[PDB]
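Chemist: my sequence and its experimental structure, below.
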Amino acid sequence: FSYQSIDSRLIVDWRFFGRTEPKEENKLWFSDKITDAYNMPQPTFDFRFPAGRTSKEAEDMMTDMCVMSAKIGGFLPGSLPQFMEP
Amino acid sequence: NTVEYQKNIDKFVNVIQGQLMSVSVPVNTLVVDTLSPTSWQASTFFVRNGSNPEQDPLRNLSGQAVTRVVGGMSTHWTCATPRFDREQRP
Amino acid sequence: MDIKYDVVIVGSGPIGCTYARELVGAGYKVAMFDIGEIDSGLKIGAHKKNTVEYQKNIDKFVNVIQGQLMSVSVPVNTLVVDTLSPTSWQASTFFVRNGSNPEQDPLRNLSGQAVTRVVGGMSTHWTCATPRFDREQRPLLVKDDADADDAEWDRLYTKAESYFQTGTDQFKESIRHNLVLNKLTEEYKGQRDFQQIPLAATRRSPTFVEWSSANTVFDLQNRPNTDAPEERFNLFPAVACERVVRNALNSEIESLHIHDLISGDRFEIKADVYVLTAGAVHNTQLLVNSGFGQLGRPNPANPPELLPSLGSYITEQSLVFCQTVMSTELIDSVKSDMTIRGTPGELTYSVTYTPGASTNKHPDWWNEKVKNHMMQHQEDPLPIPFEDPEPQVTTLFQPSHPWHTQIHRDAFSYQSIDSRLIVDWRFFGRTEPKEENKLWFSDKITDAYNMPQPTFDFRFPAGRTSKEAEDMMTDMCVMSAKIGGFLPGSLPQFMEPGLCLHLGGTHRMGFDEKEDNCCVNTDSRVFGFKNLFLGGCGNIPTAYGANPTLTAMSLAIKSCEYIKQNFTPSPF
Amino acid sequence: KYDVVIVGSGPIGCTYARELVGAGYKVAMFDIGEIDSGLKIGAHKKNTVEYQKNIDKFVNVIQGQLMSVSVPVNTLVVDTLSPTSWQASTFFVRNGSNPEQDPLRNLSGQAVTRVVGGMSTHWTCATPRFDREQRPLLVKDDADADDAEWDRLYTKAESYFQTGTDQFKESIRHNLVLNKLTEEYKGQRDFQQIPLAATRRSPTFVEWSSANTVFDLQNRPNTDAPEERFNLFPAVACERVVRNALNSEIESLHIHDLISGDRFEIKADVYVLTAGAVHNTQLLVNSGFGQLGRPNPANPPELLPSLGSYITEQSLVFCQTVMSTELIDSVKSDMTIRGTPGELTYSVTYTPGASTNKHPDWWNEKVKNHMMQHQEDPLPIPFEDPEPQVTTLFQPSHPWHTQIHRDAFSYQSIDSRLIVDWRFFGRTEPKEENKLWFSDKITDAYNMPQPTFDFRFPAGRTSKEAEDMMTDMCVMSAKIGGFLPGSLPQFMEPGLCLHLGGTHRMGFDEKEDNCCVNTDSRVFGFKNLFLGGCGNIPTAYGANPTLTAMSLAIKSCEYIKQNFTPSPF
Ligand SMILES: *Cc1cc2c(cc1C)Nc1c([nH]c(=O)[nH]c1=O)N2C[C@H](O)[C@H](O)[C@H](O)COP(=O)(O)OP(=O)(O)OC[C@H]1O[C@@H](n2cnc3c(N)ncnc32)[C@H](O)[C@@H]1O
Ligand SMILES: *Cc1cc2c(cc1C)Nc1c([nH]c(=O)[nH]c1=O)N2C[C@H](O)[C@H](O)[C@H](O)COP(=O)(O)OP(=O)(O)OC[C@H]1O[C@@H](n2cnc3c(N)ncnc32)[C@H](O)[C@@H]1O
Ligand SMILES: *Cc1cc2c(cc1C)Nc1c([nH]c(=O)[nH]c1=O)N2C[C@H](O)[C@H](O)[C@H](O)COP(=O)(O)OP(=O)(O)OC[C@H]1O[C@@H](n2cnc3c(N)ncnc32)[C@H](O)[C@@H]1O
Ligand SMILES: OC[C@H]1O[C@@H](O)[C@H](F)[C@@H](O)[C@H]1O
Ligand SMILES: OC[C@H]1O[C@@H](O)[C@H](F)[C@@H](O)[C@H]1O
Ligand SMILES: OC[C@H]1O[C@@H](O)[C@H](F)[C@@H](O)[C@H]1O
């Protein structure tokens, strides 16, 4: 699950995954009016990563991937360090 | 687990993408102002193309998707199966 | 800086310079103000393309243009950026950011519209195309006498062409230009006629063209000077003109309020005559900021009392665009008269032609250029010389094809294929004036110069404008195919509304303020006011497809005749 | 006939003119480009009201006057042409490309500016001093005397450029970034304002310095300088300096007037080349110094064998960040806020002069007023707050220069107040195999030998440090906020930093130091030929080199004043 000129033998993927504090306000709810392709109540999210520890860890995580990955090689242009879509 | 995918692993990304159906897509507000003057042109950002008008685009999990096939997501997953240490585990 | 002048001009674009040329020449004590600054070099207001370096590197001038096109009205951005780090500050709403205009409906905008604040205005970067309008595109200057109307326009356009040094033969020695011109002529035989774009430009050498500008019109030097010892002219750059002060009677302007942007001070300036030539957008802003028309979101419940048509009936052209890659048949035809022996790079390789042979398809000069290129550059696979000037071709607007056309190479692009093969196609539509198409100004939001923020409420009219626009696209597709296929990455497309920068009708001309729904008369005098004149493309009230500047200059010359006949120059 | 001819009207040529016109010499200067900054000749193009109100547009002006040095033949495959279009059979030389250039050993980002004032008409104006580790020796074996020499020259160079470190002190964004970084490094690194060649005129306008600041480029004699002699000749391509048979003296400058097309042979007592690191080397090689053509070690050059060798260009890493929620909240830490913005009950207050406030009154007054007058806006930073201009200078333990700032040369939906640029610049070891050379067959747009690079960042310390530098940017930036999507941490194209050095390098001894000019910037063997610019710098440096170049130029002018007499007026 990628997200062609450099030889593939040289390429390494780095994925670092954070932990998220459970918070009552982070919700999955379902429309009483809008329906999905199967005529079921449409799923809706109301989500943000919690401030405090989740957010501080997430950024520390990014830094750590940057620090660690450098021991193996530089970044591949077009695959630079990034948060992926939530 | 086909001979062909394992000789052409760069193409399996497409199998995954073909079976990840987005959970909640907000109403699209991209401005397309280079339509020809004869084409039908929207006056508002109305609910189009399966979008969910209930969804705040700024409070979403836009990447969340589901897989409807026998075997579910295990028909395409990366197969990583670590244990949780006490700190992560109920 | 004095307090009192005979004439004050707002803006140093080519239309402002038309007034300066005519009135400074007739002995008036003239002051001119520009909100922008002198940057073009020692020739004040000159074309920025007129350097040796830009003409050896023409691909880089696009950046000069882009650096001085400031968008008119940018809507509030609603792009979703959901990959910020969790620690970054993250918006809860699409709030007003980065200079955007919350009054602007993104779906009823002229997003491509932009302005240029520098001495010489847009003429410091323009493409210099200056066609005449035919009767179908042009406002009447004489009623009920078509021949007299045609005679008056011909007199005015002749003088405007002289001012701009308009010509139609600067590109006559280009191989590319003639290859494309001749092919189109042949393809439409007895249906349409093709010619060189009329261009405000003077060739200086086979590789350098002196493109015209405001500075060609009037050189913008302060006078008196050694070469004009009885003339009086002062240019004042970095001066924001903010208001013309009306009397209570709305019969006369009493002063011009200016903001010196270097010192920060504000001053009143007095003149006998006031000329506003700040562009289509900024003339209208200045007038609205001064009590003309209506400030704020339009309200038919409360029509304005002064100049009710100001900012209404605005027109902007539809523009279609593509690039092509010259056909193999055309490239082969360039070298049709050559005899070729051997293979390039070999000691006996030979490319020859017979000068004067009655069976040649090309003149001797053409064949000499080809033969020399092919012999001096045997590594190169094209018969076209490296220095060959670009094509500059048009078929002008006609009733059976009611759009202007440019078949050319524009510095304002929108690298692997050889440049000699590439031709630009731009076709420009005419837009019906409609009361509902408006330029208005916020009563709350202000621009970078703390002036009421311009807002558009615009769509291309249904009916004829829209049908023509699409027919126009089809025509560019049909025509361009005679020359070559489309260039990948420059496929046929409508460009962003307003990118063509041909906005008209924002302070439009007519015979009668009420019956013609207009703001100025045929002398460009604002109805009701004795000493206030507007110049520029905002004056044009018709649906036009051709480039408007020459038309606007022609109306300015007519305005100057009224001024010279009704106001007396002070004694020196 | 002139006392002194200078080639190039950049800031380094202007340093020679300032020193030498002032000392009474009859000076001519030539530039291949034209006057195009307005009536202040060679001034910064950013010093218009309109650019400083629309700063996002100035990147275009920069791009418009960066002409690539060496572009390799294009091999992109376009296979979706119509069947009727002329379609190439090979990847032939198209569109100004250089066939001599290996695309994989280039400095593709390298570019030159042909305008009067040169690159100083658009530059960023960062003028740091080099510390001893980055800096060439002017005195050997006496560090104190070396330090005193440099301190003197750099002080004079700062005066010419009007360098200051205070122009941004009233920016909230600047202070927010600086204070956080100094807190986080617990004394291990010092943060300060980038030294900038600029004078603030108002809270919303800075007069950026340029060549014009150094020397106004007006012909003399004039009313202001009735006893001085200076003539500027723009649109004049300088092509060769003519050597006597002894290779001890230059006898003439051959020029090409681009407007008339004519060629002339100009005589001077003293010849100064200040045409840039690329174009100084081009002119010298077109004159019989060094070696013309592809390097050929079997036929070593007779004159200046080190010319075009030991070239250095810096590694550059870049990203942008979006300010952290914690920092933005800290802006308003002294405020008492009640109610909801937009409603009648809403209020923002602070106590003036309270000793427990984190910020001074100016800051709190700005933030209070912004918050009460613009209740539709969700940020506590005023609209017109100036940009950050922060650096921690190169040190043995972090051997790179840093800029934490807002550059006009970027590389929309997020509020600009939140955005900060990061540029970290590495030092590059001089190696004899890193070369700028000139084709013996291919010519450029001025009919001069086409420049060609043969460059790779040296393995060993340069490469280790480049990667350590990238990590350091990633670690430091994270203290301020996360990366801005679309401006992720990356290496920029080689040479886009435009810090090229060592192409005509300085040393004490031509042979032992593998160099071309002495510490007076005089070409070895030649009595009356001097070079100025970043080409003279022989060391591995990471800071912006112009100030150091200017300092060497002042020293060169001193030599000239000690050794040549001006003609009587
Ligand atoms: C897509 C994917 C998934 C994962 C990885 C990579 C990518 C690209 N890699 C990965 C994963 N997990 C790991 O632990 N290690 C990794 O390396 N991925 C996630 C993993 O694949 C899932 O966590 C796991 O399948 C979940 O198993 P499940 O709880 O059994 O759920 P599924 O989604 O697999 O199957 C659900 C199932 O039910 C069906 N369905 C849905 N709605 C209905 C209704 N109303 N009626 C009847 N049936 C229903 C679906 O069709 C489906 O098959
Ligand atoms: C940018 C451009 C423009 C055109 C072409 C190409 C492109 C990329 N090509 C072209 C054009 N027109 C043609 O007929 N043929 C073509 O090939 N272009 C448009 C042309 O350039 C304009 O139509 C013409 O300049 C308009 O002349 P103008 O009426 O004199 O207006 P300008 O915008 O040139 O100058 C206005 C002037 O006033 C100043 N200003 C604005 N506001 C104020 C205030 N409040 N105070 C004082 N001064 C003000 C501006 O700074 C400016 O210089
Ligand atoms: C473009 C750029 C440059 C700099 C920064 C940012 C950007 C986008 N920022 C910057 C720089 N330097 C710093 O120390 N701090 C910063 O924050 N930039 C580099 C700086 O701008 C240059 O180092 C400096 O100008 C070099 O000065 P110079 O040695 O005087 O050289 P120039 O390139 O400025 O001027 C040379 C001059 O000579 C002309 N020329 C070239 N060839 C000829 C020939 N054959 N005959 C005649 N004249 C010639 C050029 O036209 C030019 O004007
Ligand atoms: O997009 C602005 C346009 O203005 C028109 O005047 C020119 F003719 C076009 O070629 C183009 O430059
Ligand atoms: O005046 C308000 C406060 O400002 C802060 O910035 C100072 F550090 C305090 O000492 C105090 O002066
Ligand atoms: O890429 C050119 C660079 O020049 C450097 O000197 C500046 F410091 C950078 O900000 C950048 O503009």
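Modeler: Yes, it's here. Numbers count the residues shown, from 1 in each chain, chains lettered A, B, ... in the order given. Ligands and ions are numbered 1, 2, ... in the order given.
Chemist: quick one: contacts for the closest residue to residue A:48 other than its chain neighbours?
Modeler: Computed as CB to CB, 6 or more residues apart in numbering or on different chains, the closest residue to residue A:48 that is not its neighbour in sequence is residue B:59, at 6.0 Å. Bear in mind the C-beta positions are built from the backbone N, C-alpha and C, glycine included. By CB atoms under 8 Å, 6 or more residues apart in numbering or on different chains, residue B:59 lies in contact with A:45, A:46, A:47, A:48.
Chemist: for ligand 6, tell me which of the residues you listed show up nearby.
Modeler: When contact is defined as CB under 6 Å from any ligand atom, the contacts of residue B:59 do not meet ligand 6 at all.
Chemist: and the residue nearest to residue A:48, its phi and psi?
Modeler: phi -130, psi 40 (degrees, to the nearest 10).
Chemist: check the gap between it and ligand 6 for me.
Modeler: Per CB to the nearest ligand atom, to the nearest Å, residue B:59 is found 37 Å from ligand 6.
Chemist: tell me the spacing between that residue and ligand 1.
Modeler: 23 Å.
Chemist: and the gap between that residue and ligand 4?
Modeler: Separation of residue B:59 from ligand 4 (CB to the nearest ligand atom): 40 Å.
Chemist: got the contacts of residue B:59 as a markdown table, with distance to ligand 5 columns?
Modeler: Output for the contacts of residue B:59, formatted as a markdown table (distance: CB to the nearest ligand atom, whole Å):
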| residue | distance to ligand 5 |
| --- | --- |
| A:45 | 42 |
| A:46 | 40 |
| A:47 | 39 |
| A:48 | 33 |
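Chemist: can you tell me which residue of chain A sits closest to ligand 2?
Modeler: Closest residue of chain A to ligand 2, CB to the nearest ligand atom: residue A:78 (33.0 Å).
Chemist: and residue A:28, bridged to which residues?
Modeler: For residue A:28, the beta-bridge partners are residue A:45 (DSSP bridges).
Chemist: hang on, I meant residue A:35
Modeler: In this entry, residue A:35 is beta-bridged to residue A:41, by DSSP bridges.
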